[PDB]
Structure formats: structure tokens, C-alpha cells
file data-v3.pdb (PDB, C-alpha atoms)
ATOM      1  CA  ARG V   1     -27.402 -12.623  11.138  1.00  0.00           C
ATOM      2  CA  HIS V   2     -24.125 -10.642  11.027  1.00  0.00           C
ATOM      3  CA  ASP V   3     -26.128  -7.448  10.303  1.00  0.00           C
ATOM      4  CA  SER V   4     -22.940  -5.267  10.274  1.00  0.00           C
ATOM      5  CA  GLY V   5     -23.100  -1.661   8.961  1.00  0.00           C
ATOM      6  CA  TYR V   6     -19.438  -1.312   7.854  1.00  0.00           C
ATOM      7  CA  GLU V   7     -17.085  -4.306   7.679  1.00  0.00           C
ATOM      8  CA  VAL V   8     -13.615  -5.059   6.194  1.00  0.00           C
ATOM      9  CA  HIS V   9     -13.196  -8.854   6.321  1.00  0.00           C
ATOM     10  CA  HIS V  10      -9.383  -8.861   5.531  1.00  0.00           C
ATOM     11  CA  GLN V  11      -6.428  -6.721   4.359  1.00  0.00           C
ATOM     12  CA  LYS V  12      -2.858  -7.917   3.545  1.00  0.00           C
ATOM     13  CA  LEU V  13       0.028  -5.551   2.636  1.00  0.00           C
ATOM     14  CA  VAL V  14       3.712  -6.608   2.173  1.00  0.00           C
ATOM     15  CA  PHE V  15       6.358  -3.899   1.478  1.00  0.00           C
ATOM     16  CA  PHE V  16      10.086  -4.556   0.809  1.00  0.00           C
ATOM     17  CA  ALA V  17      12.466  -1.559   0.602  1.00  0.00           C
ATOM     18  CA  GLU V  18      16.236  -1.955   0.078  1.00  0.00           C
ATOM     19  CA  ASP V  19      18.530   1.055  -0.449  1.00  0.00           C
ATOM     20  CA  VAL V  20      22.082   0.582  -1.857  1.00  0.00           C
ATOM     21  CA  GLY V  21      22.304   4.397  -2.290  1.00  0.00           C
ATOM     22  CA  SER V  22      24.503   6.771  -0.214  1.00  0.00           C
ATOM     23  CA  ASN V  23      24.711  10.592   0.167  1.00  0.00           C
ATOM     24  CA  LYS V  24      20.899  10.930  -0.455  1.00  0.00           C
ATOM     25  CA  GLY V  25      18.998  13.506   1.671  1.00  0.00           C
ATOM     26  CA  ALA V  26      15.199  13.672   2.048  1.00  0.00           C
ATOM     27  CA  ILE V  27      12.431  15.290   4.129  1.00  0.00           C
ATOM     28  CA  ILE V  28       9.376  13.127   4.791  1.00  0.00           C
ATOM     29  CA  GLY V  29       6.469  14.401   6.980  1.00  0.00           C
ATOM     30  CA  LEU V  30       5.568  10.732   7.743  1.00  0.00           C
ATOM     31  CA  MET V  31       6.953   7.379   6.542  1.00  0.00           C
ATOM     32  CA  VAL V  32       5.096   4.269   7.747  1.00  0.00           C
ATOM     33  CA  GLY V  33       7.867   2.078   6.207  1.00  0.00           C
ATOM     34  CA  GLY V  34      10.245   4.738   4.845  1.00  0.00           C
ATOM     35  CA  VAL V  35      13.936   4.177   4.079  1.00  0.00           C
ATOM     36  CA  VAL V  36      16.335   7.158   3.740  1.00  0.00           C
TER      37      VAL V  36
ATOM     38  CA  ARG M   1     -28.402 -12.919   6.570  1.00  0.00           C
ATOM     39  CA  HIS M   2     -25.166 -10.870   6.463  1.00  0.00           C
ATOM     40  CA  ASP M   3     -27.233  -7.719   5.738  1.00  0.00           C
ATOM     41  CA  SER M   4     -24.090  -5.472   5.714  1.00  0.00           C
ATOM     42  CA  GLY M   5     -24.323  -1.870   4.402  1.00  0.00           C
ATOM     43  CA  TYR M   6     -20.667  -1.445   3.299  1.00  0.00           C
ATOM     44  CA  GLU M   7     -18.219  -4.366   3.125  1.00  0.00           C
ATOM     45  CA  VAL M   8     -14.733  -5.049   1.643  1.00  0.00           C
ATOM     46  CA  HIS M   9     -14.239  -8.835   1.769  1.00  0.00           C
ATOM     47  CA  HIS M  10     -10.424  -8.765   0.982  1.00  0.00           C
ATOM     48  CA  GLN M  11      -7.513  -6.565  -0.188  1.00  0.00           C
ATOM     49  CA  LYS M  12      -3.918  -7.689  -0.999  1.00  0.00           C
ATOM     50  CA  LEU M  13      -1.080  -5.265  -1.904  1.00  0.00           C
ATOM     51  CA  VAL M  14       2.625  -6.248  -2.365  1.00  0.00           C
ATOM     52  CA  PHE M  15       5.216  -3.486  -3.057  1.00  0.00           C
ATOM     53  CA  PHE M  16       8.957  -4.068  -3.723  1.00  0.00           C
ATOM     54  CA  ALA M  17      11.276  -1.024  -3.927  1.00  0.00           C
ATOM     55  CA  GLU M  18      15.054  -1.343  -4.449  1.00  0.00           C
ATOM     56  CA  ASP M  19      17.288   1.713  -4.973  1.00  0.00           C
ATOM     57  CA  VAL M  20      20.849   1.312  -6.377  1.00  0.00           C
ATOM     58  CA  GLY M  21      20.995   5.131  -6.809  1.00  0.00           C
ATOM     59  CA  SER M  22      23.144   7.548  -4.731  1.00  0.00           C
ATOM     60  CA  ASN M  23      23.274  11.373  -4.349  1.00  0.00           C
ATOM     61  CA  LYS M  24      19.457  11.634  -4.974  1.00  0.00           C
ATOM     62  CA  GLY M  25      17.503  14.171  -2.848  1.00  0.00           C
ATOM     63  CA  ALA M  26      13.701  14.260  -2.475  1.00  0.00           C
ATOM     64  CA  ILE M  27      10.899  15.821  -0.395  1.00  0.00           C
ATOM     65  CA  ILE M  28       7.887  13.597   0.264  1.00  0.00           C
ATOM     66  CA  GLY M  29       4.953  14.810   2.450  1.00  0.00           C
ATOM     67  CA  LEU M  30       4.126  11.125   3.211  1.00  0.00           C
ATOM     68  CA  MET M  31       5.580   7.800   2.011  1.00  0.00           C
ATOM     69  CA  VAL M  32       3.785   4.653   3.213  1.00  0.00           C
ATOM     70  CA  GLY M  33       6.601   2.520   1.675  1.00  0.00           C
ATOM     71  CA  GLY M  34       8.926   5.227   0.316  1.00  0.00           C
ATOM     72  CA  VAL M  35      12.628   4.741  -0.448  1.00  0.00           C
ATOM     73  CA  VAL M  36      14.967   7.770  -0.784  1.00  0.00           C
TER      74      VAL M  36
ATOM     75  CA  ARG G   1     -29.088 -13.653   1.980  1.00  0.00           C
ATOM     76  CA  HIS G   2     -25.915 -11.508   1.878  1.00  0.00           C
ATOM     77  CA  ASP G   3     -28.076  -8.418   1.154  1.00  0.00           C
ATOM     78  CA  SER G   4     -25.004  -6.078   1.134  1.00  0.00           C
ATOM     79  CA  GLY G   5     -25.345  -2.483  -0.173  1.00  0.00           C
ATOM     80  CA  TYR G   6     -21.703  -1.946  -1.275  1.00  0.00           C
ATOM     81  CA  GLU G   7     -19.201  -4.816  -1.451  1.00  0.00           C
ATOM     82  CA  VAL G   8     -15.695  -5.389  -2.932  1.00  0.00           C
ATOM     83  CA  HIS G   9     -15.086  -9.159  -2.810  1.00  0.00           C
ATOM     84  CA  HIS G  10     -11.275  -8.970  -3.594  1.00  0.00           C
ATOM     85  CA  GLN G  11      -8.431  -6.682  -4.760  1.00  0.00           C
ATOM     86  CA  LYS G  12      -4.803  -7.694  -5.570  1.00  0.00           C
ATOM     87  CA  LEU G  13      -2.040  -5.183  -6.471  1.00  0.00           C
ATOM     88  CA  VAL G  14       1.693  -6.051  -6.930  1.00  0.00           C
ATOM     89  CA  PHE G  15       4.199  -3.209  -7.618  1.00  0.00           C
ATOM     90  CA  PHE G  16       7.957  -3.675  -8.282  1.00  0.00           C
ATOM     91  CA  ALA G  17      10.181  -0.561  -8.480  1.00  0.00           C
ATOM     92  CA  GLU G  18      13.968  -0.765  -9.001  1.00  0.00           C
ATOM     93  CA  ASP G  19      16.106   2.359  -9.519  1.00  0.00           C
ATOM     94  CA  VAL G  20      19.680   2.070 -10.922  1.00  0.00           C
ATOM     95  CA  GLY G  21      19.708   5.891 -11.349  1.00  0.00           C
ATOM     96  CA  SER G  22      21.781   8.371  -9.267  1.00  0.00           C
ATOM     97  CA  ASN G  23      21.794  12.197  -8.880  1.00  0.00           C
ATOM     98  CA  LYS G  24      17.971  12.342  -9.506  1.00  0.00           C
ATOM     99  CA  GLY G  25      15.938  14.815  -7.379  1.00  0.00           C
ATOM    100  CA  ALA G  26      12.136  14.787  -7.008  1.00  0.00           C
ATOM    101  CA  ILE G  27       9.285  16.258  -4.928  1.00  0.00           C
ATOM    102  CA  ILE G  28       6.343  13.943  -4.273  1.00  0.00           C
ATOM    103  CA  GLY G  29       3.371  15.063  -2.088  1.00  0.00           C
ATOM    104  CA  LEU G  30       2.657  11.353  -1.332  1.00  0.00           C
ATOM    105  CA  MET G  31       4.214   8.076  -2.536  1.00  0.00           C
ATOM    106  CA  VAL G  32       2.515   4.874  -1.338  1.00  0.00           C
ATOM    107  CA  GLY G  33       5.396   2.830  -2.877  1.00  0.00           C
ATOM    108  CA  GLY G  34       7.638   5.609  -4.231  1.00  0.00           C
ATOM    109  CA  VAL G  35      11.353   5.237  -4.993  1.00  0.00           C
ATOM    110  CA  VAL G  36      13.599   8.337  -5.324  1.00  0.00           C
TER     111      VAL G  36
ATOM    112  CA  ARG X   1     -29.862 -14.246  -2.614  1.00  0.00           C
ATOM    113  CA  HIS X   2     -26.749 -12.015  -2.717  1.00  0.00           C
ATOM    114  CA  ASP X   3     -28.993  -8.987  -3.444  1.00  0.00           C
ATOM    115  CA  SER X   4     -25.986  -6.562  -3.463  1.00  0.00           C
ATOM    116  CA  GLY X   5     -26.424  -2.980  -4.775  1.00  0.00           C
ATOM    117  CA  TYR X   6     -22.798  -2.345  -5.872  1.00  0.00           C
ATOM    118  CA  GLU X   7     -20.218  -5.144  -6.044  1.00  0.00           C
ATOM    119  CA  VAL X   8     -16.696  -5.623  -7.522  1.00  0.00           C
ATOM    120  CA  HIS X   9     -15.983  -9.374  -7.396  1.00  0.00           C
ATOM    121  CA  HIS X  10     -12.178  -9.082  -8.176  1.00  0.00           C
ATOM    122  CA  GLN X  11      -9.398  -6.717  -9.341  1.00  0.00           C
ATOM    123  CA  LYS X  12      -5.742  -7.629 -10.147  1.00  0.00           C
ATOM    124  CA  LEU X  13      -3.048  -5.044 -11.047  1.00  0.00           C
ATOM    125  CA  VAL X  14       0.708  -5.810 -11.503  1.00  0.00           C
ATOM    126  CA  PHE X  15       3.136  -2.901 -12.191  1.00  0.00           C
ATOM    127  CA  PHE X  16       6.905  -3.265 -12.850  1.00  0.00           C
ATOM    128  CA  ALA X  17       9.043  -0.091 -13.050  1.00  0.00           C
ATOM    129  CA  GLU X  18      12.835  -0.191 -13.566  1.00  0.00           C
ATOM    130  CA  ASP X  19      14.887   2.991 -14.086  1.00  0.00           C
ATOM    131  CA  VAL X  20      18.469   2.798 -15.485  1.00  0.00           C
ATOM    132  CA  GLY X  21      18.393   6.618 -15.916  1.00  0.00           C
ATOM    133  CA  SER X  22      20.395   9.155 -13.833  1.00  0.00           C
ATOM    134  CA  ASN X  23      20.302  12.981 -13.450  1.00  0.00           C
ATOM    135  CA  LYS X  24      16.478  13.021 -14.081  1.00  0.00           C
ATOM    136  CA  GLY X  25      14.376  15.439 -11.957  1.00  0.00           C
ATOM    137  CA  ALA X  26      10.574  15.306 -11.589  1.00  0.00           C
ATOM    138  CA  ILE X  27       7.683  16.701  -9.514  1.00  0.00           C
ATOM    139  CA  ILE X  28       4.805  14.306  -8.860  1.00  0.00           C
ATOM    140  CA  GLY X  29       1.801  15.346  -6.678  1.00  0.00           C
ATOM    141  CA  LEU X  30       1.189  11.619  -5.919  1.00  0.00           C
ATOM    142  CA  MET X  31       2.835   8.384  -7.118  1.00  0.00           C
ATOM    143  CA  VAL X  32       1.225   5.138  -5.920  1.00  0.00           C
ATOM    144  CA  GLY X  33       4.162   3.173  -7.454  1.00  0.00           C
ATOM    145  CA  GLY X  34       6.328   6.011  -8.809  1.00  0.00           C
ATOM    146  CA  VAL X  35      10.053   5.740  -9.567  1.00  0.00           C
ATOM    147  CA  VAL X  36      12.212   8.901  -9.899  1.00  0.00           C
TER     148      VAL X  36
ATOM    149  CA  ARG C   1     -26.519 -11.942  15.708  1.00  0.00           C
ATOM    150  CA  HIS C   2     -23.185 -10.058  15.588  1.00  0.00           C
ATOM    151  CA  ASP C   3     -25.091  -6.812  14.842  1.00  0.00           C
ATOM    152  CA  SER C   4     -21.841  -4.726  14.803  1.00  0.00           C
ATOM    153  CA  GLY C   5     -21.894  -1.125  13.467  1.00  0.00           C
ATOM    154  CA  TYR C   6     -18.222  -0.890  12.363  1.00  0.00           C
ATOM    155  CA  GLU C   7     -15.958  -3.952  12.207  1.00  0.00           C
ATOM    156  CA  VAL C   8     -12.511  -4.817  10.731  1.00  0.00           C
ATOM    157  CA  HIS C   9     -12.205  -8.622  10.881  1.00  0.00           C
ATOM    158  CA  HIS C  10      -8.392  -8.746  10.095  1.00  0.00           C
ATOM    159  CA  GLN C  11      -5.375  -6.701   8.912  1.00  0.00           C
ATOM    160  CA  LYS C  12      -1.841  -8.007   8.109  1.00  0.00           C
ATOM    161  CA  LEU C  13       1.114  -5.732   7.188  1.00  0.00           C
ATOM    162  CA  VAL C  14       4.765  -6.901   6.735  1.00  0.00           C
ATOM    163  CA  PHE C  15       7.491  -4.275   6.025  1.00  0.00           C
ATOM    164  CA  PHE C  16      11.199  -5.045   5.365  1.00  0.00           C
ATOM    165  CA  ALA C  17      13.665  -2.122   5.142  1.00  0.00           C
ATOM    166  CA  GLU C  18      17.423  -2.632   4.623  1.00  0.00           C
ATOM    167  CA  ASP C  19      19.806   0.307   4.080  1.00  0.00           C
ATOM    168  CA  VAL C  20      23.343  -0.280   2.679  1.00  0.00           C
ATOM    169  CA  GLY C  21      23.678   3.524   2.222  1.00  0.00           C
ATOM    170  CA  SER C  22      25.944   5.846   4.286  1.00  0.00           C
ATOM    171  CA  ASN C  23      26.264   9.661   4.643  1.00  0.00           C
ATOM    172  CA  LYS C  24      22.464  10.108   4.016  1.00  0.00           C
ATOM    173  CA  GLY C  25      20.638  12.752   6.124  1.00  0.00           C
ATOM    174  CA  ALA C  26      16.845  13.032   6.496  1.00  0.00           C
ATOM    175  CA  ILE C  27      14.124  14.743   8.565  1.00  0.00           C
ATOM    176  CA  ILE C  28      11.006  12.675   9.238  1.00  0.00           C
ATOM    177  CA  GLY C  29       8.135  14.047  11.415  1.00  0.00           C
ATOM    178  CA  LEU C  30       7.127  10.412  12.199  1.00  0.00           C
ATOM    179  CA  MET C  31       8.414   7.011  11.021  1.00  0.00           C
ATOM    180  CA  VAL C  32       6.465   3.965  12.243  1.00  0.00           C
ATOM    181  CA  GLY C  33       9.172   1.685  10.719  1.00  0.00           C
ATOM    182  CA  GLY C  34      11.628   4.264   9.344  1.00  0.00           C
ATOM    183  CA  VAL C  35      15.302   3.591   8.584  1.00  0.00           C
ATOM    184  CA  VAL C  36      17.787   6.498   8.229  1.00  0.00           C
TER     185      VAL C  36
END

call {"tool": "encode", "arguments": {"input": "data-v3.pdb", "output": "C-alpha cells"}}
result
Amino acid sequence: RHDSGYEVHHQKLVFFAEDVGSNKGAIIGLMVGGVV
Amino acid sequence: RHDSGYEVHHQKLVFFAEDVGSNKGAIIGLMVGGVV
Amino acid sequence: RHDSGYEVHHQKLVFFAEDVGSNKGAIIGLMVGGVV
Amino acid sequence: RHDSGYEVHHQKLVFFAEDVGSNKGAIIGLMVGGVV
Amino acid sequence: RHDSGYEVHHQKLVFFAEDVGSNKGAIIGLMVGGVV
């Protein structure tokens, strides 16, 4: 009787970032995986 | 008797970002996977 | 008897972004997978 | 007896973005997969 | 009888960032995995 009010059984996120670029300037309040 | 009020059994997200570009300037309040 | 009020059994999202472009400037409030 | 009030059994989204273009400037409030 | 009010059974996130780019300057309030 799991009887659970709010459940998330699984989540799976895969992020790849690659930046060749140079001389690029940015402002980010938060980047969990950010690349400049 | 799982009896669960709110459930998400699975989620699966895959993001690929590659940036050749240079001299690009951006402002992002938040980027979970952002590339400048 | 799963008896579940709100369920999402699966979700599957795959995003590919590649940017050759240079000298491009943008403002994004949020980008989960954004590329500048 | 699944007996579930609101269910989504599956979703599957695949997005490919490639940008050759340079010197392009945009403002996006949110881009889940956006490319500048 | 798990009987649990709020549960997340699993989460799995994999982020890869590689930056070839030089002479790039950014301000990030927080970067959990950020690359300059």
C-alpha cells in the first residue's frame, strides 16, 4: 500500500555543451550547466 | 494499492548544444544548460 | 489498484542545437537549453 | 484497476536546430531549446 | 505501507561542458557546473 500523496518515480537529464567560440561576453543570473 | 494523489512515473530529457560562433554577447537571467 | 489522481507515466525530450553563427547578440530571460 | 483521474501514458519530442547564420540579433523571453 | 506524503524515488543528471574559447568574459550570480 504505497499510499503516497506526491511521488516522482524517476527523472533523467543529460546535457552536453561545447563552445568553440571566443571573445563572447554574457551575464547569467544562474547557470546550472552554463558555458561562457 | 498505490493510491497516490500526484505521480510522475518517469521523465527523460537530453540536450546537446555546440557553438562554433565567436564575438556573440547575450544576457540570460537563467540558463539550465545555456551556452554563450 | 493504482488509484492515482494525476499521473504522467513517461516523457522523453531530445534537443540538438548547433550554432555556426558569429557576432549574434540576444537577450533571453531563461534558456533551458539555449545557445547564443 | 488503474482508476486514474488524469493520466498521460507517454510523450516523445525531438528538436534539431542548426544555425549557419551570423550577425542576427533576437530577444526571447524564454527558449527551451532556442538557438540565437 | 510506505504511506509517504512527498517522495522522489530517483533523479539522474549528467552535464558535460567543454570550452575551446578564449578572451570571453562573463558575470554569473551562481553556476552549479559553470565554465567561463

call {"tool": "residues_around", "arguments": {"input": "data-v3.pdb", "residues": "residue 19 of chain V", "least_positions_apart": "2", "cutoff": "7 Å", "atoms": "all atoms listed in the file", "output": "list in words"}}
result
residues 17 and 21 of chain V; 18, 19, 20 and 35 of chain M; 18, 19, 20 and 21 of chain C

call {"tool": "interface_residues", "arguments": {"input": "data-v3.pdb", "of": "chain M", "to": "chain C", "cutoff": "9 Å", "atoms": "only C-alpha atoms", "output": "PDB file with C-alpha atoms, in the coordinates of the input"}}
result
ATOM      1  CA  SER M  22      23.144   7.548  -4.731  1.00  0.00           C
ATOM      2  CA  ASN M  23      23.274  11.373  -4.349  1.00  0.00           C
ATOM      3  CA  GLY M  33       6.601   2.520   1.675  1.00  0.00           C
ATOM      4  CA  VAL M  35      12.628   4.741  -0.448  1.00  0.00           C
TER       5      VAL M  35
END

call {"tool": "axis_aligned_box", "arguments": {"input": "data-v3.pdb", "around": "segment 10-19 of chain G", "padding_each_side": "5 Å", "output": "JSON"}}
result
{"center_x": 2.4, "center_y": -3.3, "center_z": -6.6, "size_x": 37.4, "size_y": 21.3, "size_z": 15.9}
